[PDB]
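Protein chains in written order, with the working numbering: chain B, 150 to 390; chain U, 18 to 253; chain A, -6 to 234; chain Y, 240 to 489. Heads up, the beta-carbon is just placed ideally off N, CA and C, and yes, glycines get one too. One structure below.
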Amino acid sequence: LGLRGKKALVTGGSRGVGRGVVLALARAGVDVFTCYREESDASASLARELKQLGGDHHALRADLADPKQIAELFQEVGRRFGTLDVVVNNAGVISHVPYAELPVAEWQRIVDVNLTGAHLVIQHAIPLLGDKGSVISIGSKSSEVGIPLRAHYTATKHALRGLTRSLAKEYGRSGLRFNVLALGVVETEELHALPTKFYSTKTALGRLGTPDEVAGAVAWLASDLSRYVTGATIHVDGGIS
Amino acid sequence: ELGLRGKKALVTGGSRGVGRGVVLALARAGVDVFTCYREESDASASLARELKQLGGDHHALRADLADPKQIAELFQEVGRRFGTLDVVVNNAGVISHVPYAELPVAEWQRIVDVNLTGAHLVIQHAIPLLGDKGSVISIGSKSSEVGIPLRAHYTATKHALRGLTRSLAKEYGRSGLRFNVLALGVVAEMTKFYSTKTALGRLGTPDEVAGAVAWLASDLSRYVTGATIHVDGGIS
Amino acid sequence: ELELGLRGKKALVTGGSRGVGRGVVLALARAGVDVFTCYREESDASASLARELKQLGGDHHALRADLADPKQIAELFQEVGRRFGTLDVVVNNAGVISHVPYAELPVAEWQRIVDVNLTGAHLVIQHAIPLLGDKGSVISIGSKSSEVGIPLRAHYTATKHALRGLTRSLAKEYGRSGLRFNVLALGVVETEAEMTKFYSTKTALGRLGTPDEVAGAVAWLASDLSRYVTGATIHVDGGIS
Amino acid sequence: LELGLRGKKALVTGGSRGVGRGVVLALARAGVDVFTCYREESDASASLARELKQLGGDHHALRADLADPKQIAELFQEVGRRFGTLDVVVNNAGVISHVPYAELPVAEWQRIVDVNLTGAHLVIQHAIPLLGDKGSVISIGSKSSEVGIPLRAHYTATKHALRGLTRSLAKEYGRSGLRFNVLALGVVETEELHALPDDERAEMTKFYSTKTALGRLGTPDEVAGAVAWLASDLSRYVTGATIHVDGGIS
Ligand SMILES: NC(=O)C1=CN([C@@H]2O[C@H](COP(=O)(O)OP(=O)(O)OC[C@H]3O[C@@H](n4cnc5c(N)ncnc54)[C@H](OP(=O)(O)O)[C@@H]3O)[C@@H](O)[C@H]2O)C=CC1
Ligand SMILES: NC(=O)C1=CN([C@@H]2O[C@H](COP(=O)(O)OP(=O)(O)OC[C@H]3O[C@@H](n4cnc5c(N)ncnc54)[C@H](OP(=O)(O)O)[C@@H]3O)[C@@H](O)[C@H]2O)C=CC1
């Protein structure tokens, strides 16, 4: 595996899947740079824990819907890190709106964060990945299945597959690998609600996913054990539907 | 058979290429065809004439699909001239060959605004006009599965059309609306580079696209929704 | 020019006495296609089929032939050669299924599902290729379920998925010879209360399929309107899960 | 984040040559007790047994023609008798041939079906009682089964069948602690290296590297990297999936 000493950027790592991937990479000895949109309890506790671990980690506010802020985020990634080994496009948004009522600004918001943001993050990171780098984008199985009231979400998550596939062709001989992780249903802040079975019935394993299991796949794509894996969609979904 | 005669269709980007073939083939079959283009050209003037000469209630207006209010205007005129729609064909799209590291954000936005947001807005405006029964066809690409250097922004948008279509299929299926994607292949030291990749050894023609479009517009495909139909000659 | 142009063609449809095959056979026949069909055992289904084909005047033939036996596939095609001489359309529709727990699946039941669904489909195609000549459309009946997975039926989905891998190489091999090969991925189709609503909830259209809806797709693939379609998996499944 | 592979017990079919030999040796060097099989006594099988002996611990290599259900029963008598338990199964044994489809004799179709599809099915069916409440079943597939290749339709039919088998088995046994996945391989250099050279000096290598994104063929050890992950608890939520280890070939 050999992750110790690498430098990784993980967008949207203050909550859920991003927070699990960030903390798991850090405990493995990866220098993890992460970002978030707004100062909240989650990012404050995230910085607190990142400091409690031994490593060169950073957590900065950056709204990926604003290309200016992506440029500033990568200014200080190159300032503090200088290089990157792993980029993990994980930041994303979602909303449940009937399609006929979906406002143009909410369509544009989901496109700007989930798709244009991941693209700009990748584009800025290409110079800093160098001779060798692994780019991982978080997709979802739902874009193959289709879910009502979230056509704008599945549109963006499926676009990441088309983006990754062409990028893998373009930069393969440069030593850069691009892949997508197709996620099932991962338990995140369902703990904030009160009474899961609806989705567990759809899985083959009979349980929802955990952010650390996504981290297990991210760690493999970060590792040289996957050095011949590029342009692929890796399903980490428990065989759902 | 297909039973297309009399139905009403909107085909975006019908002045040239694949769109012009679909528009002209649907018109000759007795379909009232409403099409649009981005800029007044010899192709759009030639198109407007050939349409005006057929026994048909055909229309061709200018509408830049990267401008949401030109799309809203386009559908005000479709609603006045047609009142209703049976089939919509998201064909308008753009492509450019740019080294990814050199791709400016504006050219990225242009491909997204036309290929992705445009198709979404056209669909969103057309749903009221389709009523209780309709068939929405979006033009995709086999290249979004293969990957093509210098065109990651293009394959991003064309693959987005599949994720959109799959969710719209499930949202509007019980309302009588069907949503599908046509994955197209390549439509002489260039013809044969692509012919060698095909199973049939030849490039496609717009009228063969019209053959699939016609099937998806008919009740013969009434149980087909949320699908990606490959019209690519088995390429790659 | 936007017409199917099926009148006068010659078609072979395997397993045409019940279910999807019977619907495809009768729909092609009513459209003026001379239909050759087969079945495994003399029943009233086959007797009803022959009586109705006689009532729809045309050069139709319905013979007994067990596709699990390569000797009877060979003779079926001697009869096809005698009576038709040529073929325009082939529909690999015949297939068997059983619900057996995978650990208790006997070798003979596995082998019979393989013999009929896969080896039989392959022998039908191998025998039919000479009869198709310069131009022909081969259609194999697949299933959407082989992408989803169904417990107690891993042998069924194994064979129905194998038809896709066979079809795709066959399209590459014979494309320049004027032969097209495709698969119809079927959803749940009404044939021979709780199950109807159980599967209808999984569709996008909220209803199960009809054999005539399959025939609508077969009709397209048999037509010149699909002359550039080959090596494809066409889904006729109502958007099922 | 660790592969906890030391001490596990694996069965890798067809381990004397090529990809399976790379997977056997890589797993054995990692502290996995590896059971493997082969069809005929060759110098490849003897070389494998000797190199396994230079390692530890107890690896086993036994002849078993998987076109014969009786010899698969023999193989699993010896596995349950020397191991008693399995943690990983890799369906790697496979055959291929170039026959013009119109010339393809029925016995050659049946041979490819017997080894690539029925053989793997019997191996999985015999291995389930030994995998218990936790196990990982990996089947070696091919990217070529979705691109299509002339003169090999019988091969791509069987390699694509493995995906349909795997997906339904994942649904059926997922709640029992068993996971099932496919590794779709690209062009992996094996002893391609003997049908040298000009035929091989860049005719084969260059034609296939042009199709890849990385511009190079795969090695058995890179396949072993994927087999390692799927055998590990880092992939405990990965089941019913087709993992592409193909260098982006298309
Ligand atoms: N939850 C699930 O079931 C699964 C998730 N996914 C995908 O995994 C990824 C993680 O999502 P998930 O964990 O579920 O939800 P999150 O709770 O993680 O919410 C979004 C995360 O990304 C950040 N974020 C949102 N918008 C921005 C923005 N403009 N700029 C920077 N950061 C932003 C958020 O930071 P902040 O706190 O400041 O808002 C937050 O950390 C998503 O892409 C999702 O599509 C798909 C299938 C399984
Ligand atoms: N480029 C590639 O290598 C590709 C690999 N694959 C798949 O990887 C797997 C192995 O590929 P490869 O490394 O080339 O294997 P090889 O063709 O080089 O050798 C096959 C192995 O399987 C053994 N084996 C055990 N039982 C049998 C049996 N009944 N019949 C035949 N062989 C048996 C063989 O033993 P023996 O020494 O007696 O022959 C041999 O060790 C195959 O399933 C293949 O489909 C998929 C895509 C591409």
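- Each residue's CA atom was taken as its position, placing Y:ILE311 and U:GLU124 some 60 Å apart.
- Relative to ligand 2, B:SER315 has its C-beta separated by 8 Å or more from all heavy atoms.
- One Cα belongs to A:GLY231, the other to B:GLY355, and the distance between them is close to 26 Å.
- Closest option to Y:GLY243, judged by alpha-carbon separation, among B:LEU150, B:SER283 and B:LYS155: B:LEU150.
- Proximity of U:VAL104 to chain Y, defined by a Cβ-Cβ separation below 9 Å, is not satisfied.
- Contacts with chain U (Cβ-Cβ distance below 8 Å) from the region 317 to 346 of chain B involve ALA317, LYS318, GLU319 and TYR320, listed in chain order.
- The shortest CA-to-CA distance from Y:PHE274 to any of Y:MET443, Y:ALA359 and Y:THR252 is the one to Y:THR252.
- Between B:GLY288 and the set B:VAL334, B:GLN272 and B:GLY279, the nearest pair of CA atoms involves B:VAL334.
- The beta carbon of U:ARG179 sits closer than 9 Å to some beta carbon of chain B.
- Neighbours of B:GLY380 in chain Y, taken as residues at a C-beta separation under 7 Å, are given in chain order as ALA452 and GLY487.
- The alpha carbon of Y:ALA366 has as its nearest neighbour, out of Y:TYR412, Y:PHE446 and Y:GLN349, the alpha carbon of Y:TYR412.
- For Y:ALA359, the number of other beta carbons within 10 angstroms of its own is at least 16, and it is reported as buried.
- In the three-state scheme derived from DSSP, where H, G and I count as helix and E and B as strand, U:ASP149 is classed as coil.
- In the three-state reduction of the DSSP assignment, U:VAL95 falls in the helix class.
- At a cut-off of 9 Å between C-beta atoms, A:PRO123 counts as an interface residue with respect to chain Y.
- Distance from the CA atom of U:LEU146 to the CA atom of A:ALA215, rounded to whole angstroms, is 33 Å.
- The region 74 to 112 of chain A contains, as complete alpha helix (DSSP H) runs of 4+ residues, the segments 100 to 107 (chain order).
- Taking a C-beta distance under 9 Å as the contact criterion, A:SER133 and A:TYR149 do not qualify as a contact pair.
- Using a cutoff of 8 Å, the CB of Y:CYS276 counts as near ligand 2, since one of the ligand's heavy atoms is closer than that.
- The beta carbons of U:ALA177 and B:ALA249 sit about 19 Å from each other, so the pair does not count as a contact at 8 Å.
- Check the Cα spacing between U:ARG22 and each of U:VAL39, U:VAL40, U:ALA46 and U:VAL35: the tightest is with U:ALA46.
- With a threshold of 8 Å, the Cβ atom of Y:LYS398 counts as near ligand 2, since some heavy atom of the ligand is closer than that.
- Using a Cβ distance threshold of 9 Å, U:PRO223 and U:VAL35 count as a contacting pair.
- By the beta-carbon neighbour count (other beta carbons within 10 angstroms, threshold 16), U:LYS175 is buried.
- Between ligand 1 and the CB of B:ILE296, the shortest heavy atom gap is not smaller than 8 Å.
- DSSP lists U:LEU201 as the beta-bridge partner residues of U:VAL248.
- Within chain Y, no C-beta atom comes less than 8 Å from the C-beta of U:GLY221; the nearest is roughly 18 Å away.
- Residue environment: B:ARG168 is assigned as buried (16 or more neighbouring CB atoms within 10 Å of its CB, all protein chains considered).
- Setting aside the 5 residues that flank it on each side, A:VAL18 is surrounded in the same chain by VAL6, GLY9, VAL28 and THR30, each with a C-beta closer than 6 Å to its C-beta; the list follows chain order.
- With a cut-off of 8 Å, the C-beta of Y:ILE482 is classified as distant from ligand 2, since no heavy atom of the ligand falls inside that distance.
- The beta carbon of B:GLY295 falls within 9 Å of a beta carbon belonging to chain A, placing the residue at that interface.
- Scanning chain A for C-beta atoms nearer than 9 Å to the C-beta of U:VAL248 yields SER219, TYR221, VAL222 and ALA225, reported in chain order.
- A:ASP27: member of the beta strand (DSSP E) spanning 27 to 32, first to last residue.
- Think of a sphere of 8 Å around the beta carbon of A:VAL73: no beta carbon from chain Y falls inside it, the nearest being about 17 Å out.
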